[PDB]
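Reviewing the structure listed below.
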Amino acid sequence: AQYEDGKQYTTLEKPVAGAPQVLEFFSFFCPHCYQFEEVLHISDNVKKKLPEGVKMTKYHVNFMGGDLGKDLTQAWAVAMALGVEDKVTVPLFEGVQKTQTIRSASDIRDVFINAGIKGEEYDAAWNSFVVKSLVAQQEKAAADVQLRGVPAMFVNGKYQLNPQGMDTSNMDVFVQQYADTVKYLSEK
């Protein structure tokens with residue numbers, strides 16, 4: 001075939017029921033996630049080729065960057081609740097990996113403040129139980145697939161993207177191949 005299990009994707013031998021349709025994991029500490037987000041715009045290009053009626057979910061993970069890592073998962077919970085993912089993603093990536101000015105929860109918060117979320121609104125979110133459950137979900141979803149590496153994408157709880165088996169000569173070509181795989185898996 002042209003799409004083979006084990007070549008552009010793998011199959012979970014322990015499929016996850018009731019999963020988000022398209023589910024992506026990242027970490028602001030993860031160098032390839034940095035590339036995926038601002039150089040490649042994977043999420044964006046996947047969305048453009050996804051079918052009618054498909055929800056795209058993106059979650060942060062704890063297992064990189066110790067204490068800041070968890071903080072970052074809480075702050076991504078905040079970003080989701082306030083619907084400001086689009087406004088903090090880029091400055092969080094550059095804060096952790098480029099400029100290295102994010103060293104504490106406080107520095108994380110600054111990115112939000114500078115992006116126009118108000119202090120009280122952020123702090124309110126930060127401490128809210130609605131955020132607490134969104135942290136739970138991120139953890140639960142990573143747990144359900146025993147996730148040990150990012151970036152990572154799963155489709156319908158049963159297939160996992162395998163980017164190491166796609167050509168990386170051309171970056172544009174890598175992305176289309178990646179997205180087309182997701183669409184393929186989506187229709188399966």
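If you're wondering about the labels, chains in the structure tokens are A, B, ... by order shown, residues count from 1 in each chain, ligands from 1 in order shown.
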Out of chain A, which residues get strand (DSSP E or B) from DSSP, as a count of residues only? 21
Who sits within 9 Å of range 55-64 of chain A, only C-alpha atoms, same chain under 6 positions skipped, as an MDAnalysis selection string: chainID A and resid 20:30 43 47 70:74 76:77 135 137:139 141:142 147:150 153
Nearest residue to residue 80 in chain A out of A:108, A:132, A:48, A:7, using only C-alpha atoms?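 With only C-alpha atoms as the atom set, the closest residue is A:132.
Separating CA of residue 178 in chain A from CA of residue 151 in chain A is a distance of 12.6 Å.
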As an exercise, work out the distance from CA of residue 182 in chain A to CA of residue 87 in chain A in Å and give it to one decimal place.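 That distance, rounded to one decimal, is 25.3 Å.
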For range 11-19 of chain A, list every protein, DNA or RNA residue within 9 Å, evaluated using only C-alpha atoms, and leave out those in the same chain fewer than 3 positions away; present the list as a PyMOL selection string. chain A and resi 5-6+22-23+141+144-145+155-161
Selection near residue 91 in chain A, 9 Å with only C-alpha atoms, sequence-local residues under 6 positions removed, as a VMD selection string: chain A and resid 111 to 112 115
Closest to residue 128 in chain A among A:75, A:54, A:88, A:39, using only C-alpha atoms? A:75
Mind giving me the straight-line distance from CA of residue 174 in chain A to CA of residue 99 in chain A in Å, one decimal?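 Taking CA of residue 174 in chain A and CA of residue 99 in chain A, their separation equals 27.4 Å.
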DSSP on the backbone, then: every residue of range 55-131 of chain A marked alpha helix (DSSP H), written as an MDAnalysis selection string. chainID A and resid 66:82 85:93 105:114 119:127 129:131
Option closest in space to residue 78 in chain A, from A:36, A:165, A:124, A:183 [counting only C-alpha atoms]: A:124
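Nearest residue to residue 114 in chain A, choosing from A:92, A:127, A:97, A:44 and counting only C-alpha atoms: A:92.
When only C-alpha atoms are used to compute distances to residue 32 in chain A, the closest of the residues A:154, A:93, A:3, A:122 turns out to be A:93.
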Taking into account only C-alpha atoms, which residue in the set A:102, A:94, A:81, A:53 is nearest to residue 134 in chain A?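 Nearest to residue 134 in chain A: A:81.
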